[PDB]
């Protein structure tokens, strides 16, 4: 009876693993599972081009995973661990801004990013709530990152094996509970975008 068994690819298995960790992040209330998913988001694309299984079904599945792990999960983790009337306001504006970001990503292509990508935007928020324990600072930073996600500031995507790797060991360090390296590297990636937008 099942038909999509003929359209699933080996790369789609990894995206499914990415959705589990992103969903388990919500159910388990653990910031660590997002960092694992940020990696998963970085490899399932590499896998597809390495295994040759580039599918529009898997391309859609890639963004749906980003909706779960990088849109809903950072917003839920923001509110649940910082219960506030204002954090409620902030989580919605974030998770929406991420949803607008991915909707534009679907109508565009792999050329690059129009605004701060949602895996980076998610990493910024999640890492900030781990290090900064205050309702306001993370609620105000989520508004800032959400604006930078629906931004027009151009962002360069370069899936170098070494590039993906240097982000990976930074995220593996974050899986333990040492995300300061992931914080620095993405915030430097974010401030590299703003200067380039002003003038290359």
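Positions refer to the first chain, counted from 1.
- Comparing 47 to 55 with 62 to 70, the higher mean C-alpha B-factor in the PDB entry belongs to 47 to 55.
- Higher average CA B factor: 153 to 161, of the stretches 153 to 161 and 134 to 142.
- The PDB entry assigns the greatest CA B-factor among 91, 125, 99, 110 to 110.
- In the deposited entry, the Cα temperature factor of residue 16 sits in the bottom third of values across the chain's modelled residues.
- The entry lists a Cα temperature factor for residue 76 that places it in the lowest third of the chain's modelled residues.
- Among all modelled residues in its chain, residue 28 ranks in the highest third by Cα B-factor.
- Compared with the other modelled residues of the chain, the Cα B-factor recorded for residue 114 ranks in the middle third.
- Looking at the C-alpha B-factors along this chain, the one for residue 184 belongs to the highest third.
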